[PDB]
Amino acid sequence: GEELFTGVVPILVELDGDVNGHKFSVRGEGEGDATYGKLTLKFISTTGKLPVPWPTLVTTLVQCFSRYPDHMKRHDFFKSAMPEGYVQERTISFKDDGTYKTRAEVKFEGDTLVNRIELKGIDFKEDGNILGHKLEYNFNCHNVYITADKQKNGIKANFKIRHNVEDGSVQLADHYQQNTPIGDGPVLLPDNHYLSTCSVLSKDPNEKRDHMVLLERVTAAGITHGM
């Protein structure tokens, strides 16, 4: 599993969405480098203008590319499930607004790491920060706290995303995450730790479609050392 990430791995992302009846689809392409926790991806909408802001989809749109320090590699559940992969499910509750319900299969298809997602949003307000497109085009760094879920042979994750609003306020989005392996091979169940994640959003000047260029750096941390 870990051997699959020793070099640059191509990435393909596919998402079909439905928020308050508004259907949309997103496809992303790029590459990742797990040795340095880096990835570069370019997502484009295939259904026209997105009904939701791009920052709301960032966490939904491949933590297997996280850089785990050498003293923590036994706590990397994501790579241990490869190539068969894992199912990533999330409930994203935006404060005072709607809720995303996502389900994704992250796995290898040949040499490519693929993330196929189905997303569903409910109870979103028309004048809210999401449907109203009130969120700024940027992304703060966040720590994704991971805990083992031995009963399901997987992990759980929990963290709060804070989206900057154009009026200076903050749109909270509580993330509740569950990952379970697809295959039957043994997986690594980690001790408590977290992923320091940072993201930079940009735009391709030659891209005409509604799109989002994303570069990400993730580093696992929170495991002790040195007696």
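Quick note: numbers below take in every heavy atom, side chains included, and nothing from hydrogens, waters or symmetry partners. For reference, positions follow the sequence shown, starting with 1.
- We find that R116 and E109 are joined by a salt bridge, their nearest charged nitrogen and carboxylate oxygen being less than 4.0 Å apart.
- Residue pairs meeting the disulfide bond (SG atoms under 2.5 Å apart) criterion with at least one partner in residues 164-197, sequence neighbours excluded, do not occur; the list is empty.
- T112 is linked by a side-chain hydrogen bond (donor to acceptor under 3.5 Å, both in side chains) to nothing, counting only residues two or more places apart in sequence or in another chain.
- Heavy atoms from other residues, nucleotides or ligands lying under 6.0 Å from CD of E29 number 12 at most.
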Should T60 and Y100 be marked as a side-chain hydrogen bond (donor to acceptor under 3.5 Å, both in side chains) after you check the CA-CA gap, both sets of side-chain angles, and the distance that decides it?
CA-CA 9 Å; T60 306; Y100 283 165; over 6 Å; no
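- Between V9 and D111 the shortest side-chain heavy-atom distance does not fall below 4.5 Å.
- Heavy-atom contacts from other residues, nucleotides or ligands closer than 6.0 Å to NZ of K120 number 12 or fewer.
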Under 3.5 Å, which donor-acceptor pairs link side chains of residues 125-132 to any protein atom two or more places apart or in another chain?
unit_1: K125; atom_1: NZ; unit_2: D96; atom_2: O; d: 2.9
unit_1: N129; atom_1: ND2; unit_2: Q171; atom_2: OE1; d: 2.8

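- No more than 12 heavy atoms of other residues, nucleotides or ligands lie within 6.0 Å of NZ in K101, so this atom counts as exposed by the packing criterion.
- Using cut-offs of 30° and 60° on the angle between ring planes, the pair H71 and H225 is tilted.
- In terms of the side chain to side chain contact (heavy atoms under 4.5 Å, CB included) criterion, residue partners of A81 (sequence neighbours excluded) are, by chain and number, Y86, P181, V187.
- The side chain to side chain contact (heavy atoms under 4.5 Å, CB included) search around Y36 returns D33, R67, not counting sequence neighbours.
- A cation-pi geometry, defined here as NZ or CZ lying under 6.0 Å from the six-membered ring centre and within 45° of its normal, holds between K203 and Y137.
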Using residues 188-199 as the side-chain source, report each donor-acceptor pair under 3.5 Å to any protein atom, sequence neighbours left out, with the distance given to one decimal.
unit_1: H193; atom_1: ND1; unit_2: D191; atom_2: O; d: 2.9
unit_1: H193; atom_1: NE2; unit_2: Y68; atom_2: OH; d: 2.8
unit_1: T197; atom_1: OG1; unit_2: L195; atom_2: O; d: 3.3

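- In the hydrophobic clustering, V200 connects to no other residue, as no ILVMFWY side-chain heavy atoms lie under 4.5 Å from its own.
- For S66, there are no side-chain hydrogen bond (donor to acceptor under 3.5 Å, both in side chains) partners at least two apart in sequence or on another chain.
- Remark: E105 engages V87, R103, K107, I182 in a side chain to side chain contact (heavy atoms under 4.5 Å, CB included) (not counting sequence neighbours).
- No donor-acceptor distance shorter than 3.5 angstrom exists from the side chain of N20 to the backbone of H22, with no hydrogens or angles considered.
- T59 and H175 share a side-chain donor-acceptor pair at under 3.5 Å.
- Remark: side-chain polar atoms of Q178 are paired, donor with acceptor, to backbone N or O of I155 under 3.5 angstrom.
- Shown here for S25 and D16, the closest heavy-atom pair between the two residues is OG-OD1, 2.6 Å.
- For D18, the side-chain hydrogen bond (donor to acceptor under 3.5 Å, both in side chains) test picks out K23, with sequence neighbours left out.
- By the 4.0 Å N-to-carboxylate-O rule, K152 lies close enough to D149 to be salt-bridged with it.
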Identify each donor-acceptor pair in which a side-chain atom of residues 206-218 lies under 3.5 Å from a protein atom, sequence neighbours left out, and give them as a table.
unit_1: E207; atom_1: OE1; unit_2: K42; atom_2: NZ; d: 2.9
unit_1: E207; atom_1: OE2; unit_2: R209; atom_2: N; d: 3.1
unit_1: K208; atom_1: NZ; unit_2: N206; atom_2: O; d: 2.5
unit_1: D210; atom_1: OD1; unit_2: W54; atom_2: NE1; d: 2.9
unit_1: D210; atom_1: OD2; unit_2: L50; atom_2: N; d: 3.3
unit_1: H211; atom_1: ND1; unit_2: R209; atom_2: O; d: 2.7
unit_1: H211; atom_1: NE2; unit_2: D204; atom_2: N; d: 2.9
unit_1: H211; atom_1: NE2; unit_2: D204; atom_2: O; d: 3.4

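- Of the options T102, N179, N115, a side-chain hydrogen bond (donor to acceptor under 3.5 Å, both in side chains) to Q88 is made by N179 and by none of the others.
- Applying the side-chain hydrogen bond (donor to acceptor under 3.5 Å, both in side chains) test to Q63 and every residue at least two apart in sequence or in another chain returns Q177.
- Of the possible polar contacts, one joining the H142 side chain to the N140 backbone as a donor-acceptor pair under 3.5 Å is found.
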